[PDB]
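Data block below; observations after.
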Amino acid sequence: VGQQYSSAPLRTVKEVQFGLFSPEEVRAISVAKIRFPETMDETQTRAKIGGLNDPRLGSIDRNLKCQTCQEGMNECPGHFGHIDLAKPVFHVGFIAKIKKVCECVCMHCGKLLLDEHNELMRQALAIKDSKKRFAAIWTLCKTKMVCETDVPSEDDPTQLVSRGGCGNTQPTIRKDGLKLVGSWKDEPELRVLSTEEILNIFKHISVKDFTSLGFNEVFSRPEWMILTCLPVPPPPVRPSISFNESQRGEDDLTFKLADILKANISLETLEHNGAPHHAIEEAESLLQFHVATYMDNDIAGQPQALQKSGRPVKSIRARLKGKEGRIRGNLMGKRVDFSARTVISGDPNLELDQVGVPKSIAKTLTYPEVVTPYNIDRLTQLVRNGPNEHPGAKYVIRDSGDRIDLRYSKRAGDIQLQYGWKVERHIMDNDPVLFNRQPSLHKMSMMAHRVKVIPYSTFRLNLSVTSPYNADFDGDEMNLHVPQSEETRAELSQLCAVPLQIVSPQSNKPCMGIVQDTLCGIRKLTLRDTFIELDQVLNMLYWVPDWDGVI
Amino acid sequence: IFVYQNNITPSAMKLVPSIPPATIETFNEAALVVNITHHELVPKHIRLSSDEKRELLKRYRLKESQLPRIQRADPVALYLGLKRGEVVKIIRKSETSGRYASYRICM
Amino acid sequence: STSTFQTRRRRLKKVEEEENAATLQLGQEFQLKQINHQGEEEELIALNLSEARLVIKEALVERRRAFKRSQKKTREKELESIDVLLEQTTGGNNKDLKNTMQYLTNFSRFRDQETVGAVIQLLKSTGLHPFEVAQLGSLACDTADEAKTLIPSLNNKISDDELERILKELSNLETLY
Amino acid sequence: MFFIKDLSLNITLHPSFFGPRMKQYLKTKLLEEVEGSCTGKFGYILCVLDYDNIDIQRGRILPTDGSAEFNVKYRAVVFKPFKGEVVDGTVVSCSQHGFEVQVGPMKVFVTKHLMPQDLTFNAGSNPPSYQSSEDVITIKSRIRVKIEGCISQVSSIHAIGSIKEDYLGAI
Amino acid sequence: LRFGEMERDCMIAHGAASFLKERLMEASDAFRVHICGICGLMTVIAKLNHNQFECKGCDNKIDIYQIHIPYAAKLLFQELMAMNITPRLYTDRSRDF
Amino acid sequence: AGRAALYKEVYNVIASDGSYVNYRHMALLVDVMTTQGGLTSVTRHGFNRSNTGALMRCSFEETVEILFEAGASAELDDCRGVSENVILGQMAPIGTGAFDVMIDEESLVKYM
Amino acid sequence: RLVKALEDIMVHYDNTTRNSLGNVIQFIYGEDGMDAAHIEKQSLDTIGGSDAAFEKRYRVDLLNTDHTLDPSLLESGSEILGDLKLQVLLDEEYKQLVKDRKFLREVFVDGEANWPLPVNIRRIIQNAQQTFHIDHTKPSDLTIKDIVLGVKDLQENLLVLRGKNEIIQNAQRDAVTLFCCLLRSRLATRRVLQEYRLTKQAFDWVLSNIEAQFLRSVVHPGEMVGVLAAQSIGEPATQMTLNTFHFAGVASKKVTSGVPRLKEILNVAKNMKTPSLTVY
Amino acid sequence: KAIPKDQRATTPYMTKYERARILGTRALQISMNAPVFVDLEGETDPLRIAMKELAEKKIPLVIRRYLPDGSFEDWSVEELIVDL
DNA sequence: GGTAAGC
RNA sequence: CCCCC
DNA sequence: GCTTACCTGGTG
Ligand SMILES: [Mg+2]
Ligand SMILES: [Zn+2]
Ligand SMILES: [Zn+2]
Ligand SMILES: [Zn+2]
């Protein structure tokens, strides 16, 4: 299920280990170096370049060409490349954490501002939950504004023991946009702390110290919150919408990456050349801007990295942010195949658990049946019927993977079925199907029904089942979902079947009764005054399917 | 148990944990005026022995983590003088079953 | 592919892969302290070709017994004899086993299980590594110098004299082919 | 060397085989998959022992597919070569670059330069040989080699060998 | 049609586990990835026809797995990776709890 | 007593409206809001800030922020929650997923 | 928010209610271990009325001519008068029924008798009478032992929890406390004979059915109880109003109510609109 | 860690979910041409066949009930009581 | 444009 | 947008 | 005790 046999063992995910990329790992997992803002045109020749939007990272042209892997569009996950940053830059997502870590460590020697020699600190270091522990250590260390050489000994308060020298005064760090500014102590020494400066002291934090802060020696060292080697995501993440040959619109990410690239080439040029040093600070802060603005383009610090159109550039963070987001809109909820929707109509002649399905829908929706000696003859007949007669079939899936399209196949008239083949046949009477009415507020908003293929364009349902759905026939639309396994259809029939939902466990009472015409007519039928003579009594008895035949 | 009128000076409050294994508990006179355990909404909380606790965890196949928790500062935890780790059995009346017992681990 | 009994430990930690030698640095998979199916710690099983030849022979014989039970509802000579058993139990396609049996039958020093048992007894008193014990049963040495050169691991472990007593005994047990 | 190892293979069996002679087919698929195989990790998985007692265990039926996956716990004879292992073998091929030696299931190749200077290749001889002041090495001759190193090659391990050092060579 | 969040909630309430997976996988975007056994990443350079596996910079080739995940999650993970986050997917439990 | 009062309060809002919910539902909500020792709001600050797995918590409200913190603190999601199995397209340990199904070769033989 | 907060709550194979971390939320689902679809409002008789009427309805005194069981009610009636050995049994029966009434009056302080419980006992007896064609003008073949000990044994098989230890066995005793109160109150010797007029065959069928029905009623390990609760509180919330103004036109009488009060609650809002003490 | 037979404490009755999964699993297998342990007296639907195999208690499957700690109780579909 | 938990 | 309980 | 940073029903 992602096409074509893989010899690799298939397993399920049991654990997800979150972490941060070391720059060394980004280089290790890279396929292409990435160095030109240019995406394509080999000078002018329409084909992708050795710089951006890959050699290598994946493909376009629905032409296999995916670097040696050579697997082609559906099969190929893209491959990451990298871009080496001319100067280190903070990751937006970690700007605050960086501030807090600087606020916990001596900005000179990299030691923790407090230790075991402080009673309040000991209480915090004891904290089991890393998140709560870092919050405590910070609340303590933030105020500590000197890297004490010696502190009073555990026994004698008059005497002191050397902890870990340095003795340097710490700044009072304030965030100025994407910059971190310090104020040491006449009037205070005000200076902006460089990324390199921070990175360096983060690199100098003891494992014991960064493990005391929320960090991980293996998976997430604090120094990794500072970016140095940027992973370039492959084309599948940033697809180039091709408007048919020599006309292709690249993704916003592709454009942003080109800006990161251009800003970087710029900085690397001045750094190498006659660096005017007050020009260097500009190209540096610009690189910082693009790298920030690529991941998050909704920062408090107003300038909203715009597209030349006046549009604001879709940050990666923006793609994930809920309802329409990646998580909420694509993972928690999906748009799905084997589905149908029409206007619902009511039917007194359908059993409580049946659903009237328009032929057109029945001929579209298709359950895939495995050729077995029990169905071999039946399925053979549906294949013969083709995709246009009601009891029919659309495709025949062979042992040999590929599916036969009965509407086009030259062999569609022939086809001698074999055990194990799947016949994708039309939805038929008594197939269990999931019927739904949005908003789905209850378990009873979705119930399994037995198909009843019928004429006309409406899903027809039994009047009694109207109430659980909270549906009426003033043009309400309802949804149908077709189960595809002999296993999922058993879930529907054995768990979600309409008759199984009769008593609701919300209110602890039944959730379906007799309604409207029948409720009105039942009172009328059952008064003393109401008598029936033979002629009708017989038609009335004949109407009860289960009648014993006894007058 | 120290029953003070208004307040215990911070200077004196420092001496409190200074004598282990003995534990000092400070209660304000005003707090003790009414016995909160007597309230309509307050059920019977019972202090479990180290062995009774061992069994509870065994029988439900639990990590201490997975037990419902009671704060150390909890009016009832303070009343029983519950230490951290101590489990309390809670017998409440149920409108569903007649009686229902919960457990809370003092953290 | 096939897995083992040695439980996976290092998280990411890349791959700090170490070399394998005769400083008895056989893999992680070939450590002295092994863990058997039953869960217990077992010592490494290393076989001398002879020990090895008989293990495979016996294993294949019991397989034909099981295969015939379920079907209801002298070196030159021993060489053809084996090719019959293999053509009966083995998948045919297993050339690796056929090449092995020809090798093992042509290079075993000890024919019978009594002689193999005697070797195995003698060399077990030594308290040497299962690798050195298997090499002392597979390579025929005359002097402790031969043994100690060919099996470098042995070096300070056994006395030159004690080793020489052992090689005299192994030479006496050597089958007259 | 030539070890015995406790191992376990995961086999996924299709519903068609969920009949009485099921274990019979699992033990079969185990011998196909595993026996005659070679890994850098374990070496050559030469022969599965105790056929009468191979452990099937229970098999989990897999969610959307009907198949059942068993971890077949077993015990086999393996051959894993090592650097510094002294092996006895027979000469198979022979050239101006050296000679290859059959050692059990694998080949150890000896370079002209990883053999004593007096051993000189003779193109002439039938079959081609390596001769010295008192020795002749050709196809079929027995040699004691010291493995210099190994290479894991998909379904085989090969090695470079020496007969330069003392007590190695013809036998 | 959208089988949304609320719809997912009724399948949960129903206890229709297998129906739910089918609706999100087979009925929508099931995809197959090759995961390295060392870093839990989608690094594996799997050449299927040649049976070549490889995760360079793990120097794998051997410890590799096939996983079935919704393409949108393959996307989510590559997006998180693009933001220096490593969502390492493992096929065994290290915690054992 | 806090839980007892909270139930009384939750009940009284639903019931004043005329509406009826079986006890066990409100009981459960009130219990969830309470097992942590104090009052845990059904908000992004409340329940969503608990020790539950990253991916599950990111599915409600603080999506990206949750995932960054997950990365920096090297969080381990055991995929025990529904949301995690939904994101991974795996059968959740829910209802028909709350147990395993095995073939018994012993009985498989006995049935022949 | 309700759904997202309760998502992961499910009933485990140990009848415990747990979340994704495996933390216990409820030790037994909804305190009783019963599935809400098998719960029906039933009347706990014993709780109300005068002590006199209770005594009339339940007390059987074989040692007293006026308060014995009438020989018309059971065949045993004539020889049961003065039986000290059986009176010790009826003395237990009455003592427990009193103990029950005392306890019910502790649980439900207002005296409210109607509570949703599993197994509609009214119907079982009703059906037993229509099945065996109960003759309310013929003496019963039941014994006092048949009744007294019969009910006692049934209580032993009303299983919610299983475990061969005191924790589980006590937890089991507890879960069944309120049901057994109803059971004992409905199958008292005086009630069974003088009201229901059951036969041994009929009474047996009743005990049998109560057992079966009770078992059918317990929650199923795997129930996604969390979402269920979230949706059960969610759907009525959907129908509440923002405004209401039922106390408008009278200030100095203000209440928060409806949606706003539901938010104040779920948000554990610190600055609530209508704070109020009710001092007794 | 597997709770031994004599020490099993879970319900003797098959859960509504266990049943649906068995019938589903067995129908699936039957539909994939798996061997049938019942005499199909003219039956054809893999679910209707599975139901027969269930009713005749000739389903060779076992449920592995997992407790929240990881330990488990294996239960045969033979010994499990199908009421419902 | 409403609430709270940051500084 | 323009439609919904 | 003020400013920030999160959120705001369902389909089509
Ligand atoms: Mg309408
Ligand atoms: Zn590729
Ligand atoms: Zn310092
Ligand atoms: Zn890797």
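How things are named: the first chain in the structure tokens is A, the next is B, and so on; residues count from 1 in each chain; ligands count from 1 in the order shown.
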Residues of chain K within 12 Å of chain E, counting only C-alpha atoms (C1' of nucleotides) - could you list those as a JSON list (two decimals) with N, CA, C and O atoms (P, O5', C5', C4', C3', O3' and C1' of nucleotides), in the first residue's frame?
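Saved the output as iface_39.json:
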[["chain", "number", "residue", "atom", "x", "y", "z"],
["K", 9, "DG", "P", -15.28, 28.15, 14.89],
["K", 9, "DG", "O5'", -16.28, 26.93, 15.18],
["K", 9, "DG", "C5'", -15.96, 25.79, 15.98],
["K", 9, "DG", "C4'", -17.05, 24.75, 15.79],
["K", 9, "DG", "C3'", -17.13, 24.18, 14.38],
["K", 9, "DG", "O3'", -16.14, 23.18, 14.12],
["K", 9, "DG", "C1'", -19.28, 24.86, 15.03],
["K", 10, "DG", "P", -15.48, 22.96, 12.67],
["K", 10, "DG", "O5'", -16.67, 22.24, 11.87],
["K", 10, "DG", "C5'", -17.21, 20.97, 12.27],
["K", 10, "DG", "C4'", -18.45, 20.57, 11.48],
["K", 10, "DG", "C3'", -18.29, 20.51, 9.97],
["K", 10, "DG", "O3'", -17.61, 19.30, 9.56],
["K", 10, "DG", "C1'", -20.32, 21.59, 10.51],
["K", 11, "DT", "P", -16.47, 19.24, 8.42],
["K", 11, "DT", "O5'", -17.31, 19.58, 7.09],
["K", 11, "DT", "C5'", -17.78, 18.57, 6.20],
["K", 11, "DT", "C4'", -19.19, 18.81, 5.67],
["K", 11, "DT", "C3'", -19.27, 19.06, 4.18],
["K", 11, "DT", "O3'", -19.17, 17.82, 3.50],
["K", 11, "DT", "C1'", -20.74, 20.54, 5.31],
["K", 12, "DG", "P", -18.13, 17.66, 2.30],
["K", 12, "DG", "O5'", -18.66, 18.70, 1.19],
["K", 12, "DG", "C5'", -19.84, 18.47, 0.41],
["K", 12, "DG", "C4'", -20.49, 19.74, -0.14],
["K", 12, "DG", "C3'", -19.84, 20.43, -1.34],
["K", 12, "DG", "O3'", -20.21, 19.79, -2.59],
["K", 12, "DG", "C1'", -20.63, 22.03, 0.27]]
At most 12 Å from ligand 2 (only C-alpha atoms (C1' of nucleotides) and all ligand atoms): residue list as a PyMOL selection string: (chain A and resi 31+54-60+63-80+234-236) or (chain E and resi 33-34+42-48+53)
Distance query stretch 453-461 of chain A at most 8 Å, only C-alpha atoms (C1' of nucleotides), self and fewer than 3 positions along chain excluded, as a ChimeraX atom specification: /A:342-347,350,352,354-360,362,428-429,465-466,478
Within 10 Å of chain E, which residues belong to chain D? Use only C-alpha atoms and report them as an mmCIF file with C-alpha atoms, in the first residue's frame.
data_model
loop_
_atom_site.group_PDB
_atom_site.id
_atom_site.type_symbol
_atom_site.label_atom_id
_atom_site.label_comp_id
_atom_site.auth_asym_id
_atom_site.auth_seq_id
_atom_site.Cartn_x
_atom_site.Cartn_y
_atom_site.Cartn_z
ATOM 1 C CA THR D 39 24.840 -12.634 6.389
ATOM 2 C CA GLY D 40 27.790 -10.483 7.419
ATOM 3 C CA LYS D 41 26.153 -10.504 10.879
ATOM 4 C CA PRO D 63 -5.093 -6.400 11.033
ATOM 5 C CA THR D 64 -6.320 -5.564 7.481
#
Shell around stretch 112-117 of chain D at 7 Å using only C-alpha atoms (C1' of nucleotides), local window under 4 positions removed, as a list in words: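 Final neighbour list, sorted by chain and number: residues 97, 98, 162, 163 and 164 of chain D.
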Every residue of stretch 110-246 of chain A that DSSP places in helix (DSSP H, G or I), as a ChimeraX atom specification: /A:119-126,130-141,195-203,207-212,222-225
Please produce a file of those selected residues containing C-alpha atoms, as a tab-separated table (two decimals), in the first residue's frame.
chain	number	residue	atom	x	y	z
A	119	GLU	CA	19.52	24.49	48.97
A	120	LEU	CA	16.77	25.93	46.66
A	121	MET	CA	18.69	24.62	43.61
A	122	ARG	CA	18.91	21.08	45.13
A	123	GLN	CA	15.07	21.12	45.45
A	124	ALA	CA	14.78	22.03	41.72
A	125	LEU	CA	17.41	19.47	40.52
A	126	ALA	CA	15.32	16.83	42.37
A	130	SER	CA	12.23	17.89	32.82
A	131	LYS	CA	9.69	20.59	31.80
A	132	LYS	CA	8.88	21.56	35.41
A	133	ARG	CA	12.59	21.21	36.41
A	134	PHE	CA	13.83	23.59	33.69
A	135	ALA	CA	11.10	26.08	34.72
A	136	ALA	CA	12.35	25.90	38.33
A	137	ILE	CA	16.12	26.15	37.51
A	138	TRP	CA	15.31	29.22	35.36
A	139	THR	CA	13.12	30.97	38.02
A	140	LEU	CA	16.21	30.54	40.29
A	141	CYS	CA	19.18	31.20	37.93
A	195	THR	CA	24.78	33.95	17.40
A	196	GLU	CA	28.38	32.61	17.31
A	197	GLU	CA	28.89	33.93	20.91
A	198	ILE	CA	25.76	32.09	22.10
A	199	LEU	CA	26.50	28.89	20.06
A	200	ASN	CA	29.98	28.82	21.57
A	201	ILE	CA	28.87	28.99	25.19
A	202	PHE	CA	26.06	26.47	24.40
A	203	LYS	CA	28.76	24.14	22.99
A	207	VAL	CA	26.32	17.31	29.71
A	208	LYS	CA	25.32	17.15	33.44
A	209	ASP	CA	24.27	20.85	33.20
A	210	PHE	CA	22.24	20.55	29.93
A	211	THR	CA	20.71	17.27	31.14
A	212	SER	CA	19.66	19.21	34.33
A	222	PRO	CA	21.00	22.98	23.38
A	223	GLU	CA	23.62	24.04	20.73
A	224	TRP	CA	21.29	22.45	18.11
A	225	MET	CA	18.64	25.20	18.62
Point-to-point distance in Å for atom CA of residue A:166 and atom CA of residue A:151: 12.8 Å
Contact residues (chain A, partner chain C, 9 Å, only C-alpha atoms) as a list in words: residues 8, 9, 218 and 219 of chain A
Just write the chosen residues, N, CA and C atoms, as a short mmCIF file (atom, residue, chain, number, x, y, z; two decimals), in the first residue's frame.
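Contents of result10.cif, freshly written:
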data_model
loop_
_atom_site.label_atom_id
_atom_site.label_comp_id
_atom_site.auth_asym_id
_atom_site.auth_seq_id
_atom_site.Cartn_x
_atom_site.Cartn_y
_atom_site.Cartn_z
N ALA A 8 11.87 -5.57 2.17
CA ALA A 8 12.06 -5.12 3.56
C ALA A 8 10.93 -5.59 4.48
N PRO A 9 11.23 -5.93 5.76
CA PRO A 9 10.18 -6.36 6.69
C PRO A 9 9.23 -5.24 7.04
N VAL A 218 22.04 12.73 23.42
CA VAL A 218 21.93 12.00 22.17
C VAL A 218 21.07 12.76 21.20
N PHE A 219 19.80 12.95 21.56
CA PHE A 219 18.78 13.51 20.70
C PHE A 219 18.59 14.98 20.58
#
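For the choices F:37, F:71, F:18, F:46, the atom-to-atom distance to residue E:85 is smallest for F:71 when using only C-alpha atoms.
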For stretch 78-81 of chain D: contacts at 10 Å, only C-alpha atoms (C1' of nucleotides), fewer than 6 positions along chain excluded, given as JSON, numbers by chain: {"C": [20, 21, 26, 27, 30, 46, 47, 52, 100], "D": [1, 2, 3, 4, 5, 35, 36, 37, 38, 39, 40, 41, 42, 43, 44, 45, 46, 47, 48, 87, 103, 104, 105, 106, 108, 147, 149, 150, 151, 157, 158, 159]}
Check: which chain H residues lie within 7 Å of chain A using only C-alpha atoms, as a list in words: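 The contacting residues on chain H are residues 20, 23, 24, 25, 27, 28, 31, 32, 33 and 44 of chain H.
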All strand (DSSP E or B) positions in chain F, as a PyMOL selection string: chain F and resi 76-77+99-103
When the cut-off is 6 Å and you count only C-alpha atoms (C1' of nucleotides) and all ligand atoms, which residues lie near ligand 3, shown as a PDB file with C-alpha atoms, in the first residue's frame?
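Output below, filename out_37.pdb:
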ATOM      1  CA  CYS A 106      27.352  31.862  32.754  1.00  0.00           C
ATOM      2  CA  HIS A 108      31.478  33.331  29.657  1.00  0.00           C
ATOM      3  CA  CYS A 109      32.515  29.858  31.030  1.00  0.00           C
ATOM      4  CA  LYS A 111      28.747  26.713  33.787  1.00  0.00           C
ATOM      5  CA  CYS A 147      29.527  33.272  38.063  1.00  0.00           C
ATOM      6  CA  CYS A 166      35.313  32.515  36.245  1.00  0.00           C
ATOM      7  CA  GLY A 167      33.564  35.075  38.530  1.00  0.00           C
ATOM      8  CA  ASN A 168      32.280  37.040  35.516  1.00  0.00           C
TER       9      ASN A 168
END
List the neighbours of residue I:3 out to 10 Å using only C-alpha atoms (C1' of nucleotides); skip same-chain residues closer than 2 positions along the sequence, and give me the result as a PDB file with N, CA and C atoms (P, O5', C5', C4', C3', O3' and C1' of nucleotides), in the first residue's frame.
ATOM      1  N   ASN G 267     -13.669  25.841  32.016  1.00  0.00           N
ATOM      2  CA  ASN G 267     -12.472  26.687  31.976  1.00  0.00           C
ATOM      3  C   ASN G 267     -11.851  26.873  33.321  1.00  0.00           C
ATOM      4  N   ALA G 269     -12.684  28.799  35.532  1.00  0.00           N
ATOM      5  CA  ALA G 269     -12.639  30.255  35.511  1.00  0.00           C
ATOM      6  C   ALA G 269     -12.449  30.810  36.884  1.00  0.00           C
TER       7      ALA G 269
ATOM      8  P    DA I   5      -4.177  30.403  33.355  1.00  0.00           P
ATOM      9  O5'  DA I   5      -2.652  29.988  33.081  1.00  0.00           O
ATOM     10  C5'  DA I   5      -2.036  29.994  31.792  1.00  0.00           C
ATOM     11  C4'  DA I   5      -1.067  31.153  31.618  1.00  0.00           C
ATOM     12  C3'  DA I   5       0.092  31.201  32.611  1.00  0.00           C
ATOM     13  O3'  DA I   5       1.320  31.138  31.895  1.00  0.00           O
ATOM     14  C1'  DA I   5      -0.786  33.355  32.210  1.00  0.00           C
TER      15       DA I   5
ATOM     16  P    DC K   6       1.149  31.921  19.926  1.00  0.00           P
ATOM     17  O5'  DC K   6      -0.258  31.153  19.931  1.00  0.00           O
ATOM     18  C5'  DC K   6      -0.567  30.202  20.951  1.00  0.00           C
ATOM     19  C4'  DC K   6      -1.976  30.366  21.493  1.00  0.00           C
ATOM     20  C3'  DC K   6      -3.109  30.184  20.501  1.00  0.00           C
ATOM     21  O3'  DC K   6      -3.295  28.821  20.164  1.00  0.00           O
ATOM     22  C1'  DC K   6      -3.620  31.878  22.071  1.00  0.00           C
ATOM     23  P    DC K   7      -3.808  28.451  18.698  1.00  0.00           P
ATOM     24  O5'  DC K   7      -5.367  28.816  18.751  1.00  0.00           O
ATOM     25  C5'  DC K   7      -6.249  28.062  19.577  1.00  0.00           C
ATOM     26  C4'  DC K   7      -7.547  28.781  19.924  1.00  0.00           C
ATOM     27  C3'  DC K   7      -8.560  29.022  18.813  1.00  0.00           C
ATOM     28  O3'  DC K   7      -9.332  27.846  18.631  1.00  0.00           O
ATOM     29  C1'  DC K   7      -8.383  30.932  20.227  1.00  0.00           C
TER      30       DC K   7
END
Each residue of chain E with at least one atom at most 12 Å from ligand 4 should appear once, together with its nearest atom pair and the corresponding distance in Å (one decimal); atoms considered: only C-alpha atoms and all ligand atoms; ordering: chain, then increasing residue number; output as JSON lines.
{"residue": "E:34", "atom": "CA", "partner": "ligand 4", "partner_atom_place_in_ligand_line": "1 (Zn)", "distance": 10.4}
{"residue": "E:35", "atom": "CA", "partner": "ligand 4", "partner_atom_place_in_ligand_line": "1 (Zn)", "distance": 7.8}
{"residue": "E:36", "atom": "CA", "partner": "ligand 4", "partner_atom_place_in_ligand_line": "1 (Zn)", "distance": 4.6}
{"residue": "E:37", "atom": "CA", "partner": "ligand 4", "partner_atom_place_in_ligand_line": "1 (Zn)", "distance": 6.5}
{"residue": "E:38", "atom": "CA", "partner": "ligand 4", "partner_atom_place_in_ligand_line": "1 (Zn)", "distance": 4.9}
{"residue": "E:39", "atom": "CA", "partner": "ligand 4", "partner_atom_place_in_ligand_line": "1 (Zn)", "distance": 4.2}
{"residue": "E:40", "atom": "CA", "partner": "ligand 4", "partner_atom_place_in_ligand_line": "1 (Zn)", "distance": 6.5}
{"residue": "E:41", "atom": "CA", "partner": "ligand 4", "partner_atom_place_in_ligand_line": "1 (Zn)", "distance": 6.0}
{"residue": "E:42", "atom": "CA", "partner": "ligand 4", "partner_atom_place_in_ligand_line": "1 (Zn)", "distance": 8.0}
{"residue": "E:43", "atom": "CA", "partner": "ligand 4", "partner_atom_place_in_ligand_line": "1 (Zn)", "distance": 6.2}
{"residue": "E:44", "atom": "CA", "partner": "ligand 4", "partner_atom_place_in_ligand_line": "1 (Zn)", "distance": 7.1}
{"residue": "E:45", "atom": "CA", "partner": "ligand 4", "partner_atom_place_in_ligand_line": "1 (Zn)", "distance": 10.2}
{"residue": "E:53", "atom": "CA", "partner": "ligand 4", "partner_atom_place_in_ligand_line": "1 (Zn)", "distance": 11.1}
{"residue": "E:54", "atom": "CA", "partner": "ligand 4", "partner_atom_place_in_ligand_line": "1 (Zn)", "distance": 8.6}
{"residue": "E:55", "atom": "CA", "partner": "ligand 4", "partner_atom_place_in_ligand_line": "1 (Zn)", "distance": 5.0}
{"residue": "E:56", "atom": "CA", "partner": "ligand 4", "partner_atom_place_in_ligand_line": "1 (Zn)", "distance": 6.9}
{"residue": "E:57", "atom": "CA", "partner": "ligand 4", "partner_atom_place_in_ligand_line": "1 (Zn)", "distance": 6.5}
{"residue": "E:58", "atom": "CA", "partner": "ligand 4", "partner_atom_place_in_ligand_line": "1 (Zn)", "distance": 4.5}
{"residue": "E:59", "atom": "CA", "partner": "ligand 4", "partner_atom_place_in_ligand_line": "1 (Zn)", "distance": 7.3}
{"residue": "E:60", "atom": "CA", "partner": "ligand 4", "partner_atom_place_in_ligand_line": "1 (Zn)", "distance": 6.5}
{"residue": "E:61", "atom": "CA", "partner": "ligand 4", "partner_atom_place_in_ligand_line": "1 (Zn)", "distance": 9.4}
{"residue": "E:62", "atom": "CA", "partner": "ligand 4", "partner_atom_place_in_ligand_line": "1 (Zn)", "distance": 10.5}
{"residue": "E:63", "atom": "CA", "partner": "ligand 4", "partner_atom_place_in_ligand_line": "1 (Zn)", "distance": 8.8}
{"residue": "E:64", "atom": "CA", "partner": "ligand 4", "partner_atom_place_in_ligand_line": "1 (Zn)", "distance": 8.6}
{"residue": "E:65", "atom": "CA", "partner": "ligand 4", "partner_atom_place_in_ligand_line": "1 (Zn)", "distance": 10.9}
{"residue": "E:86", "atom": "CA", "partner": "ligand 4", "partner_atom_place_in_ligand_line": "1 (Zn)", "distance": 11.7}
{"residue": "E:88", "atom": "CA", "partner": "ligand 4", "partner_atom_place_in_ligand_line": "1 (Zn)", "distance": 9.6}
{"residue": "E:89", "atom": "CA", "partner": "ligand 4", "partner_atom_place_in_ligand_line": "1 (Zn)", "distance": 10.8}
{"residue": "E:90", "atom": "CA", "partner": "ligand 4", "partner_atom_place_in_ligand_line": "1 (Zn)", "distance": 11.2}
At most 7 Å to chain G: residues in chain E, only C-alpha atoms, as a list in words: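 That gives the following set of residues: residues 9, 12, 13 and 15 of chain E.
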Nearby residues, ligand 1, 7 Å, only C-alpha atoms (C1' of nucleotides) and all ligand atoms, as a VMD selection string: (chain A and resid 471 to 476) or (chain J and resid 5)
Near-stretch 63-65 of chain F list (8 Å; only C-alpha atoms (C1' of nucleotides); drop same-chain fewer than 5 positions) as a list in words: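 So the residues in contact are residues 93, 317, 320, 321, 322 and 327 of chain A; 57 and 58 of chain F.
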Pairwise distance for atom CA of residue F:81 and atom CA of residue G:19, rounded to one decimal in Å: 8.0 Å
